[PDB]
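Taking it in order: structure first as structure tokens, then the write-up.
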There are 4 protein chains.
Amino acid sequence: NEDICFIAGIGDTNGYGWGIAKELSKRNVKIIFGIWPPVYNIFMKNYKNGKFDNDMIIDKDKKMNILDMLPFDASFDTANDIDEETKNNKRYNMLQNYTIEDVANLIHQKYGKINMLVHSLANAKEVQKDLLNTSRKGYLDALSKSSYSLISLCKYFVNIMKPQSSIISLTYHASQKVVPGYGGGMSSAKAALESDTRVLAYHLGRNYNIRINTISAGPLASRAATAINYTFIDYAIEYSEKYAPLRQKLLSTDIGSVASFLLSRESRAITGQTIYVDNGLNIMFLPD
Amino acid sequence: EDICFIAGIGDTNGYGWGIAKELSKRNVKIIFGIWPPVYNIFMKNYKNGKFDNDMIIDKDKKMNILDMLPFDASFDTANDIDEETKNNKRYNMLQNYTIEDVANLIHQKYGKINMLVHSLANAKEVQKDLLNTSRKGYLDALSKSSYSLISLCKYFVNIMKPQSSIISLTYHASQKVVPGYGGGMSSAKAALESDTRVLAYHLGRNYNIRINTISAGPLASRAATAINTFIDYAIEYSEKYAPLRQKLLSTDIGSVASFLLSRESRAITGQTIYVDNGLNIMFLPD
Amino acid sequence: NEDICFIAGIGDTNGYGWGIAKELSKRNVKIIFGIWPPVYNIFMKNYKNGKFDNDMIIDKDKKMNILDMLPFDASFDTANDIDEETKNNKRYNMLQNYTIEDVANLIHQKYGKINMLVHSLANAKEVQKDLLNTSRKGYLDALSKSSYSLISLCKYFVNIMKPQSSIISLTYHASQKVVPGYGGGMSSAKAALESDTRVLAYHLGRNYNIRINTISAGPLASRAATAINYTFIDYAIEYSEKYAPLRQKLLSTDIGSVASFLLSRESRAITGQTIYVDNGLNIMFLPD
Amino acid sequence: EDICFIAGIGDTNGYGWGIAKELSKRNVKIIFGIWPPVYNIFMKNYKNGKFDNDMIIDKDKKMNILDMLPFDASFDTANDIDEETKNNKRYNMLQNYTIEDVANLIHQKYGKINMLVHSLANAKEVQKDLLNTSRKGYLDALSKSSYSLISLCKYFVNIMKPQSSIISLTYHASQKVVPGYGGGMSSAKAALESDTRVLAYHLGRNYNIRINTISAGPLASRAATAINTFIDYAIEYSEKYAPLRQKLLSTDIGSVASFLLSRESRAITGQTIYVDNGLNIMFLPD
Ligand SMILES: NC(=O)c1ccc[n+]([C@@H]2O[C@H](COP(=O)([O-])OP(=O)(O)OC[C@H]3O[C@@H](n4cnc5c(N)ncnc54)[C@H](O)[C@@H]3O)[C@@H](O)[C@H]2O)c1
Ligand SMILES: NC(=O)c1ccc[n+]([C@@H]2O[C@H](COP(=O)([O-])OP(=O)(O)OC[C@H]3O[C@@H](n4cnc5c(N)ncnc54)[C@H](O)[C@@H]3O)[C@@H](O)[C@H]2O)c1
Ligand SMILES: NC(=O)c1ccc[n+]([C@@H]2O[C@H](COP(=O)([O-])OP(=O)(O)OC[C@H]3O[C@@H](n4cnc5c(N)ncnc54)[C@H](O)[C@@H]3O)[C@@H](O)[C@H]2O)c1
Ligand SMILES: NC(=O)c1ccc[n+]([C@@H]2O[C@H](COP(=O)([O-])OP(=O)(O)OC[C@H]3O[C@@H](n4cnc5c(N)ncnc54)[C@H](O)[C@@H]3O)[C@@H](O)[C@H]2O)c1
Ligand SMILES: Oc1cc(Cl)ccc1Oc1ccc(Cl)cc1Cl
Ligand SMILES: Oc1cc(Cl)ccc1Oc1ccc(Cl)cc1Cl
Ligand SMILES: Oc1cc(Cl)ccc1Oc1ccc(Cl)cc1Cl
Ligand SMILES: Oc1cc(Cl)ccc1Oc1ccc(Cl)cc1Cl
């Protein structure tokens, strides 16, 4: 009764956010999407035109139920943070209550307290550049949008969450081992995120009895994954399917069912952890 | 039908039982492997109803135990048992309790299984610090606590379905110093965690079978009381300093095991997963 | 002949920068100090008034030789990055060539190419706040000054360094395990720094044959260490001296002699590494 | 005067020799512990001047070797040698080669030492994958490659000065899967790295003695050629993909060992230090 999850970072059905929504929907969790304003209207129109109907089919006995879909920008902590330019920009002008604080307030006002929170977003202006060639501003952009946004989400959402709630984010192994092409300070951002997951786990655990973990996912041909540049993601997938201990296609719903477990009471003694869902690729040193 | 063999249950106070309870919730059939020295007292307590309250899952269900078999992880095959054991009071009345014999017996009675739990450890010199542990004591720890996992996998893969899943239990003393966790137990756990990776590679590639290990926080089990109030200290420190200040239950480990043993976790393998209320993340007590 | 080291982050004789200078000076490496403008004039006056004379004594057979002392602010990559306000500020107005690019240029013009580089600096406006309570701006400040500054230093100094040169920075274990009181995103910054050390090691190793490592140091009662708030550092030191495998006072020159090794040819097969110099405290789980 | 015992030199092509060379540079007196099966061929090659070119440090200096003694890390004390070894062709002509006997002999001839190097490993089933390794094969790997370090420490601390330093060599297969590194060698290295921490605690607190381990990249030593062209592949892959694309030399490991064994590193203990041209940091070949 009333397992409600906010998923921050869905723009289509091709990423981990959607796989997570599907698996949770399967367990009858109510789902609220937080959608970035640059893609929000296109997502809504597609949704309304039934473009996602096939993708919403669970077992053909069940179909996903989505409780709400809200414009959301993890760049802005409160309304006072929004620069006049953004506020007035073509894609933002007609939207409201999309900062982290406002969206938590809106969710609370409409549905009461929630018990599950998903951070499924990242961004970096200079992702295409190697770390050495990343500018101060590009690096800080990657940290701001990909890492600090988690801390802020936690800060504002803990107020609208029940004790024993659970929070997850997504990370990538480039934080711990070198992945050429994962540029722009994304590796730095993921390293910060994994460390912040531990520190937040301490504070949230002690003060709120709330858990936080992160899933280190293997490669998935999402929309963001193309932004990296056959392309970077095509090589990653090919390499993973050839060399992982489990040689099988990694699905967004593989991450989804792990997410679902971490967000449930079944994982109540797990917190502060980086959990690898990557067909075991992370354990390998030397290829065959 | 799901069937899980759980090697290392002696009573209802350890992690093996909590894992059994949680799997039972999900309608998994459970087979216990019981160390022969305690096999007859276990059967007696069970028959006398000592475990009845511990078997209740809820209003609806009671634990279904498919079978309970003697199992000694010291011995790979029938040929490995020495005379002194053959002659032992608690062994002479039992049979087919080597790792291979148990695999063959389960397969013959019940067919193929799809879940395997290693929940056992031993070290005859656990009360000595590592520096004062003898070669025989150290190798005993590795033999009983680490190699037993490899042997379990070796003999059991033949009786397991593709997409089966295996777990063991470990402890953070492998990675950081726990004074008191002596006799090469820290060594054995480090080997277990590394072996979990290497086995994940061979089992995943050859059989599409997953293997992970759960690094559990402290629980006042029978084996824990043999370390030297060590466990009293560990539990008190964990409950005081862990990010989550709730009592760690065997079923907290059990529900994670159940997930790792299910298809829900089909993309996780070779991993050490911490189920310890977050204690492992702390650097210094606040 | 001509082992020259630039040490970025010395403001007095109480920190790791000074211990590193001493140990290198011991091996006859020439030392150039990069001194932050807020403390630069006070450092120079103290130096000129002989206040550091005792602290410069090596074995009483030898005394430290300092080749140069340059104003340096790791906040600014190039002259074009300096805001008009800073440029005109009381402490900056009378200084020149203190951005990362300008200082590399100046060093090159005066002394030619160098072969050793030390990043011994960190800053975070909100260090006193817990991570959960750190603002976006405070967090980005910590990353900018403590982590990105390393990348930028590398980017500009690789041009004035010889092949087979070596770079080190300093980090702290709070990046990997939770240290309450290490706030403001300093833990996040150190996690980024350790990850960036690997990524830089790849690029610098492959393109320049230059090594980079970081030293994870135990507690030292430096000036910065008081900024954290008996205080945070007093407890850290007390705890380290009581519980480390080696129960002995950790000296800045203990870090210095490790730094010196990492910067020398003796460590030519080590790169991308986080090296712990902390009397072994990091290996402990449970106290006695 | 500094004196270092180096256990595990068989010829001039391994890490033991490179460590000996580098310590010699710093005027450390060197004592070799040589596995009895190869002790007589080593002495013969040495006398015949086979190693003369390898002993040159430079224009100035030649390696000073204080002594060369038979040493078998399989045996803790005289009582541990079985008859079959006593009767063996290559052992019967040698004596005082157990770990305790060597410590006693060195102490009696030369007094206290202050540097100790464990540079040895063995595993009779190295060519089998972990899953197919027998209990006896696995325990042999742990016995010879891991427990030998604990025993070395146990017997040698008595003959060492306070502020002494100990190192061993390990390999990244303990932490990440290297197909080919079989027979429980990966297991033994994981135990070695964990044991390095636990020993650092006991040795640091009780004796103020430091212990670290160097995780080395691949070198075409004698033992390396026994793994199954494995080493040819490892070296080629390392030289192609490591951040530093220079040939890894035994003396690259030797200069790190020398530093860790000196007072320069007085604040480092319980650590695994990677000396591998940075290869360990890479996630996937570019
Ligand atoms: N795709 C992979 O292969 C892969 C591998 C490891 C980790 N991950 C992680 O998974 C997460 C999801 O990425 P994905 O691969 O599903 O791509 P995706 O495009 O499906 O997810 C990213 C989403 O975040 C949203 N977003 C971007 N900036 C935002 C902002 N400022 N505020 C609010 N929303 C914003 C975008 O609209 C986008 O829909 C990422 O954090 C990524 O780091 C992905
Ligand atoms: N209890 C804790 O605090 C704790 C913390 C971390 C990990 N663990 C791990 O969990 C696992 C279960 O232990 P536990 O804590 O439940 O104690 P337990 O006594 O409940 O379980 C250990 C069982 O192993 C069995 N056993 C011992 N030697 C055997 C052999 N040669 N062959 C077959 N069985 C043998 C014993 O009969 C015993 O029942 C162990 O591997 C332990 O290392 C326990
Ligand atoms: N002190 C400790 O206990 C300790 C423990 C672990 C790591 N460290 C690390 O060692 C390094 C040195 O710190 P410390 O403890 O010696 O304190 P410190 O005060 O001696 O060193 C910090 C110096 O950096 C300089 N600095 C600050 N911001 C700067 C900027 N924008 N540009 C140029 N210089 C700037 C300051 O002038 C200061 O002198 C730090 O990076 C710290 O993270 C210190
Ligand atoms: N060569 C590599 O690529 C490499 C990479 C990482 C680590 N290492 C480690 O470096 C160490 C040295 O090995 P190496 O590569 O120089 O090969 P090596 O053959 O030069 O050295 C191994 C030595 O150990 C000795 N030995 C074997 N069993 C013994 C016993 N029971 N008692 C005493 N001595 C025994 C052998 O005589 C041999 O001389 C090993 O521990 C190895 O694990 C080597
Ligand atoms: O983290 C990721 C890892 C992989 Cl392998 C693929 C995609 C990922 O996700 C991103 C990568 C870069 C940027 Cl700018 C934004 C996002 Cl969402
Ligand atoms: O690994 C453990 C860790 C803890 Cl904190 C408590 C009990 C544990 O389990 C054991 C410890 C020592 C031995 Cl000899 C046997 C077992 Cl089953
Ligand atoms: O990193 C550190 C770790 C410790 Cl234990 C003590 C001091 C440290 O150094 C700093 C800590 C915070 C800030 Cl704002 C600046 C600096 Cl130089
Ligand atoms: O550990 C090693 C790692 C590598 Cl890459 C190469 C050689 C090594 O050394 C050994 C490997 C196996 C055995 Cl049986 C004995 C030794 Cl000395």
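All residue names refer to the structure tokens as shown: chains lettered A, B, ... in order, residues numbered from 1 in each chain, ligands numbered from 1 in order.
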
Least-squares fit on all C-alpha atoms, paired in order: put chain D onto chain B and return it as a compact mmCIF listing (two decimals) with C-alpha atoms, in the first residue's frame.
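Dumped to result-v1.txt:
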# COMPACT_ATOMS: atom_id res chain seq x y z
CA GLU D 1 10.45 -25.84 -8.68
CA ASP D 2 13.40 -24.25 -6.94
CA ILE D 3 15.66 -26.35 -4.76
CA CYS D 4 18.49 -24.93 -2.60
CA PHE D 5 21.21 -26.92 -0.80
CA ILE D 6 22.40 -25.04 2.32
CA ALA D 7 25.72 -26.38 3.58
CA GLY D 8 26.43 -25.30 7.21
CA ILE D 9 23.36 -25.33 9.49
CA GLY D 10 23.86 -26.57 13.08
CA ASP D 11 21.00 -24.86 14.90
CA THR D 12 18.65 -21.90 14.35
CA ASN D 13 21.01 -19.14 15.50
CA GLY D 14 23.29 -18.76 12.46
CA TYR D 15 23.09 -17.24 8.98
CA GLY D 16 22.22 -20.61 7.37
CA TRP D 17 18.86 -20.68 9.15
CA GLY D 18 18.03 -17.06 8.29
CA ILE D 19 18.78 -17.81 4.63
CA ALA D 20 16.63 -20.98 4.81
CA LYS D 21 13.73 -18.92 6.33
CA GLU D 22 13.85 -16.25 3.64
CA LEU D 23 14.12 -18.72 0.73
CA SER D 24 11.13 -20.60 2.26
CA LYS D 25 9.10 -17.41 1.95
CA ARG D 26 9.68 -17.59 -1.80
CA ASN D 27 8.57 -21.27 -1.92
CA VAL D 28 12.10 -22.65 -2.41
CA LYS D 29 12.58 -26.25 -1.28
CA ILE D 30 15.42 -26.47 1.25
CA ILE D 31 17.99 -29.19 1.90
CA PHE D 32 20.30 -28.80 4.92
CA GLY D 33 23.91 -30.06 4.97
CA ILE D 34 24.78 -30.67 8.60
CA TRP D 35 28.28 -31.21 10.03
CA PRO D 36 28.32 -34.85 11.24
CA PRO D 37 29.55 -34.08 14.79
CA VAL D 38 26.28 -32.13 15.37
CA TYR D 39 23.99 -34.01 12.96
CA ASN D 40 22.37 -36.26 15.60
CA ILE D 41 21.79 -33.52 18.17
CA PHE D 42 20.26 -31.38 15.40
CA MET D 43 17.89 -34.18 14.36
CA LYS D 44 16.97 -34.74 18.01
CA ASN D 45 16.19 -31.04 18.66
CA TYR D 46 14.23 -30.92 15.43
CA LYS D 47 12.15 -34.01 16.36
CA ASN D 48 11.63 -32.72 19.88
CA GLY D 49 10.14 -29.54 18.32
CA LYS D 50 12.89 -27.21 19.58
CA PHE D 51 12.90 -25.37 16.21
CA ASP D 52 9.12 -25.15 15.75
CA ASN D 53 8.80 -21.46 16.68
CA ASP D 54 11.87 -20.67 14.53
CA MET D 55 10.25 -22.32 11.50
CA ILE D 56 7.26 -20.00 11.34
CA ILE D 57 7.41 -17.68 8.37
CA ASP D 58 4.01 -16.12 9.17
CA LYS D 59 0.23 -16.64 9.58
CA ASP D 60 0.30 -18.38 6.21
CA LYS D 61 3.48 -20.48 6.08
CA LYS D 62 5.84 -22.80 8.00
CA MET D 63 9.39 -23.58 6.71
CA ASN D 64 9.26 -26.59 4.38
CA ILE D 65 12.41 -28.61 4.84
CA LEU D 66 12.87 -31.12 2.01
CA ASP D 67 15.74 -33.06 3.61
CA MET D 68 18.55 -32.91 6.19
CA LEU D 69 21.77 -34.73 5.41
CA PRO D 70 25.16 -35.14 7.11
CA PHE D 71 27.82 -33.14 5.22
CA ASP D 72 31.48 -32.64 6.01
CA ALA D 73 33.29 -30.03 3.94
CA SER D 74 36.70 -31.42 5.04
CA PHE D 75 36.27 -34.40 2.62
CA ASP D 76 35.91 -34.28 -1.18
CA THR D 77 35.24 -38.01 -1.78
CA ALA D 78 34.82 -41.23 0.17
CA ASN D 79 38.55 -41.92 -0.20
CA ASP D 80 39.45 -38.79 1.73
CA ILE D 81 38.15 -39.89 5.14
CA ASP D 82 40.95 -41.00 7.52
CA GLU D 83 40.55 -43.98 9.91
CA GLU D 84 40.29 -41.79 13.05
CA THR D 85 37.15 -40.22 11.55
CA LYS D 86 35.72 -43.53 10.27
CA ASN D 87 36.24 -44.75 13.88
CA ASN D 88 34.73 -41.61 15.44
CA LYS D 89 31.61 -41.98 17.64
CA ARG D 90 29.67 -39.26 15.80
CA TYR D 91 30.67 -40.45 12.27
CA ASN D 92 30.56 -44.26 12.42
CA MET D 93 26.72 -44.25 12.36
CA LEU D 94 26.54 -41.96 9.30
CA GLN D 95 27.39 -42.34 5.64
CA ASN D 96 27.67 -40.55 2.28
CA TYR D 97 28.61 -37.26 3.89
CA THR D 98 31.59 -36.23 1.72
CA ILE D 99 31.03 -33.39 -0.76
CA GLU D 100 30.81 -35.70 -3.80
CA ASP D 101 28.57 -38.21 -1.95
CA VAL D 102 26.17 -35.45 -0.92
CA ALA D 103 25.92 -34.09 -4.49
CA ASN D 104 25.26 -37.66 -5.79
CA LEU D 105 22.68 -38.37 -3.06
CA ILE D 106 20.73 -35.13 -3.60
CA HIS D 107 20.78 -35.63 -7.35
CA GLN D 108 19.57 -39.23 -6.98
CA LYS D 109 16.74 -38.39 -4.53
CA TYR D 110 15.60 -35.03 -5.99
CA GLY D 111 17.13 -34.40 -9.39
CA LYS D 112 18.82 -31.16 -10.40
CA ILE D 113 18.93 -28.13 -8.13
CA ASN D 114 19.34 -24.48 -8.95
CA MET D 115 20.57 -22.78 -5.72
CA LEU D 116 23.63 -23.45 -3.57
CA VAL D 117 24.62 -21.83 -0.25
CA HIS D 118 28.02 -22.20 1.40
CA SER D 119 27.45 -21.08 5.00
CA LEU D 120 30.31 -22.62 6.89
CA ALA D 121 33.79 -21.99 8.28
CA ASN D 122 36.23 -23.66 10.61
CA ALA D 123 39.77 -22.96 11.86
CA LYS D 124 41.21 -25.02 14.71
CA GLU D 125 43.43 -22.10 15.81
CA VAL D 126 40.95 -19.21 15.54
CA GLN D 127 41.83 -18.09 19.09
CA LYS D 128 45.51 -17.47 18.20
CA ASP D 129 46.64 -14.40 16.39
CA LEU D 130 47.82 -14.86 12.83
CA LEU D 131 51.52 -14.50 13.80
CA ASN D 132 51.22 -17.44 16.24
CA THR D 133 49.14 -19.66 13.95
CA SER D 134 50.80 -22.95 12.94
CA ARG D 135 51.06 -24.22 9.35
CA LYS D 136 48.58 -27.02 10.13
CA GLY D 137 46.17 -24.51 11.80
CA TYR D 138 46.39 -22.04 8.89
CA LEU D 139 45.88 -24.70 6.23
CA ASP D 140 42.97 -26.14 8.23
CA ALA D 141 41.27 -22.72 8.07
CA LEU D 142 41.86 -22.44 4.29
CA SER D 143 40.80 -26.09 3.77
CA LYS D 144 37.54 -25.94 5.67
CA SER D 145 36.56 -22.29 4.98
CA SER D 146 37.84 -21.54 1.45
CA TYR D 147 38.75 -24.64 -0.49
CA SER D 148 35.40 -26.19 0.57
CA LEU D 149 33.68 -23.59 -1.63
CA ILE D 150 35.69 -24.56 -4.70
CA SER D 151 35.02 -28.24 -4.05
CA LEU D 152 31.28 -27.59 -3.50
CA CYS D 153 31.18 -25.84 -6.87
CA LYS D 154 33.17 -28.58 -8.58
CA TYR D 155 30.88 -31.44 -7.47
CA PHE D 156 27.60 -29.51 -7.52
CA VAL D 157 27.74 -27.89 -10.99
CA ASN D 158 27.03 -31.29 -12.49
CA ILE D 159 23.77 -31.44 -10.55
CA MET D 160 22.72 -27.84 -11.20
CA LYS D 161 20.66 -26.23 -13.99
CA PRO D 162 22.02 -23.52 -16.30
CA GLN D 163 21.30 -20.06 -14.80
CA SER D 164 21.76 -21.50 -11.29
CA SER D 165 23.19 -19.32 -8.52
CA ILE D 166 25.68 -19.88 -5.68
CA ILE D 167 26.51 -17.75 -2.60
CA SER D 168 28.88 -17.93 0.36
CA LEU D 169 29.36 -15.78 3.46
CA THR D 170 32.47 -13.77 4.24
CA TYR D 171 33.61 -11.13 6.71
CA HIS D 172 35.35 -7.71 6.34
CA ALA D 173 38.38 -8.97 8.35
CA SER D 174 39.66 -10.15 4.92
CA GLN D 175 40.03 -6.51 3.88
CA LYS D 176 40.67 -4.60 7.15
CA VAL D 177 42.28 -5.71 10.40
CA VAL D 178 40.03 -7.24 13.01
CA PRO D 179 42.22 -8.10 16.02
CA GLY D 180 40.70 -11.29 17.44
CA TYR D 181 39.71 -12.85 14.07
CA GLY D 182 42.63 -15.27 14.33
CA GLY D 183 43.90 -18.67 13.11
CA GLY D 184 43.99 -17.68 9.46
CA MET D 185 40.25 -17.00 9.31
CA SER D 186 41.05 -13.52 7.89
CA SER D 187 43.31 -15.23 5.35
CA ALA D 188 40.61 -17.79 4.49
CA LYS D 189 38.04 -15.03 3.93
CA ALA D 190 40.42 -13.10 1.66
CA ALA D 191 40.95 -16.28 -0.40
CA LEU D 192 37.17 -16.88 -0.45
CA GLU D 193 36.44 -13.40 -1.85
CA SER D 194 39.13 -13.69 -4.53
CA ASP D 195 38.03 -17.26 -5.37
CA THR D 196 34.48 -15.91 -5.77
CA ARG D 197 35.73 -13.75 -8.68
CA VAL D 198 37.78 -16.53 -10.37
CA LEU D 199 34.95 -19.04 -10.00
CA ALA D 200 32.50 -16.43 -11.38
CA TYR D 201 34.59 -16.26 -14.55
CA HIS D 202 34.84 -20.08 -15.02
CA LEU D 203 31.23 -20.83 -13.95
CA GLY D 204 29.75 -17.91 -15.93
CA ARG D 205 31.58 -18.72 -19.15
CA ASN D 206 31.25 -22.50 -18.96
CA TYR D 207 27.87 -23.02 -17.31
CA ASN D 208 26.20 -19.65 -17.19
CA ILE D 209 26.11 -20.04 -13.41
CA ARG D 210 26.53 -17.05 -11.03
CA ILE D 211 28.47 -16.97 -7.74
CA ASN D 212 28.61 -14.11 -5.20
CA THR D 213 29.56 -13.74 -1.52
CA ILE D 214 27.80 -11.83 1.22
CA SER D 215 30.02 -9.99 3.66
CA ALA D 216 27.83 -10.09 6.77
CA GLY D 217 28.02 -8.01 9.96
CA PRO D 218 28.18 -9.70 13.37
CA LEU D 219 25.55 -12.17 14.60
CA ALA D 220 25.64 -14.11 17.89
CA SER D 221 25.76 -17.54 16.19
CA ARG D 222 27.33 -20.71 17.75
CA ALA D 223 30.62 -20.26 15.83
CA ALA D 224 30.84 -16.54 16.76
CA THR D 225 30.89 -17.43 20.55
CA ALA D 226 34.09 -19.48 19.90
CA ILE D 227 36.14 -16.42 18.90
CA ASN D 228 38.19 -14.63 21.65
CA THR D 229 32.83 -11.78 24.03
CA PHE D 230 34.64 -10.96 20.77
CA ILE D 231 31.16 -11.15 19.22
CA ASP D 232 29.62 -9.19 22.13
CA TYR D 233 32.11 -6.40 21.40
CA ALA D 234 31.55 -6.62 17.59
CA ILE D 235 27.77 -6.44 17.96
CA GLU D 236 27.89 -3.57 20.45
CA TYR D 237 30.34 -1.62 18.25
CA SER D 238 28.25 -2.29 15.11
CA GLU D 239 24.98 -1.21 16.84
CA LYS D 240 26.67 1.93 18.13
CA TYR D 241 28.61 3.04 15.05
CA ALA D 242 26.99 1.59 11.93
CA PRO D 243 25.05 4.12 9.73
CA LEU D 244 21.91 2.04 10.52
CA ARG D 245 21.48 1.46 14.24
CA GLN D 246 19.06 -1.40 14.15
CA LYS D 247 19.79 -4.97 15.23
CA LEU D 248 21.23 -7.04 12.37
CA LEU D 249 19.10 -10.20 11.92
CA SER D 250 20.03 -13.48 10.21
CA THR D 251 16.97 -12.86 8.00
CA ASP D 252 18.51 -9.47 6.89
CA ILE D 253 21.30 -11.57 5.37
CA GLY D 254 18.68 -14.16 4.30
CA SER D 255 16.66 -11.74 2.18
CA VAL D 256 19.80 -10.61 0.36
CA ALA D 257 20.82 -14.23 -0.23
CA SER D 258 17.36 -14.99 -1.59
CA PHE D 259 17.66 -12.08 -4.05
CA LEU D 260 21.17 -13.12 -5.17
CA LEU D 261 19.97 -16.69 -5.62
CA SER D 262 16.99 -15.56 -7.75
CA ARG D 263 16.83 -14.54 -11.39
CA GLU D 264 16.25 -10.93 -10.15
CA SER D 265 20.04 -10.61 -9.87
CA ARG D 266 20.88 -12.29 -13.24
CA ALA D 267 23.39 -9.50 -14.07
CA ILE D 268 25.37 -9.72 -10.76
CA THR D 269 28.29 -12.11 -10.42
CA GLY D 270 31.75 -12.38 -8.81
CA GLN D 271 30.71 -9.76 -6.23
CA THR D 272 31.25 -9.26 -2.47
CA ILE D 273 28.00 -7.66 -1.25
CA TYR D 274 28.03 -6.02 2.20
CA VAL D 275 25.06 -6.69 4.43
CA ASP D 276 26.20 -5.12 7.68
CA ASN D 277 24.06 -1.99 8.25
CA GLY D 278 26.76 0.00 6.41
CA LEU D 279 29.46 -0.48 9.06
CA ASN D 280 32.16 -1.23 6.43
CA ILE D 281 31.98 2.41 5.08
CA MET D 282 33.13 4.04 8.34
CA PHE D 283 36.73 5.17 8.84
CA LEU D 284 36.67 6.11 12.52
CA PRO D 285 34.10 5.92 15.33
CA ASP D 286 32.30 9.23 15.90

**Request:** Check every protein, DNA and RNA residue against ligand 3, keep those with an atom at most 8 Å away (counting only C-alpha atoms and all ligand atoms), and present them as JSON, numbers by chain.
**Result:** {"C": [8, 9, 10, 11, 12, 13, 14, 15, 16, 17, 18, 34, 35, 36, 37, 38, 39, 40, 72, 73, 74, 75, 76, 119, 120, 121, 122, 123, 145, 146, 149, 169, 170, 171, 172, 173, 190, 215, 216, 217, 218, 219, 220, 221, 222, 223, 224, 225, 233]}

**Request:** Going by DSSP on the backbone, which bits of stretch 42-286 of chain D are alpha helix (DSSP H)? Write them as a PyMOL selection string, please.
**Result:** chain D and resi 42-47+83-86+99-110+135-142+148-156+185-207+230-241+250-261

**Request:** Give as an MDAnalysis selection string every residue of chain A that touches chain D within 6 Å, counting only C-alpha atoms.
**Result:** chainID A and resid 177:179 283:286

**Prompt:** Given a cut-off of 6 Å, which residues of chain A touch chain C, counting only C-alpha atoms, written out as an MDAnalysis selection string?
**Reply:** chainID A and resid 175 178 188 191:192 195 199

Output the selection as a PDB file, in the first residue's frame - C-alpha atoms for each residue.
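Below is the file that was written, result_25.pdb:
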ATOM      1  CA  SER A 175      35.392   6.178 -11.488  1.00  0.00           C
ATOM      2  CA  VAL A 178      40.536   4.190 -16.575  1.00  0.00           C
ATOM      3  CA  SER A 188      35.559  12.497 -11.638  1.00  0.00           C
ATOM      4  CA  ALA A 191      34.101   8.960  -8.281  1.00  0.00           C
ATOM      5  CA  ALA A 192      32.553  11.838  -6.245  1.00  0.00           C
ATOM      6  CA  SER A 195      32.184   8.588  -2.242  1.00  0.00           C
ATOM      7  CA  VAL A 199      28.957   9.972   3.378  1.00  0.00           C
TER       8      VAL A 199
END

**Request:** List every residue of stretch 43-286 of chain B that DSSP, applied to the backbone of this structure, places in strand (DSSP E or B), and write the result as a PyMOL selection string.
**Result:** chain B and resi 56+62+65-70+113-118+160-170+177+210-216+272-275+282
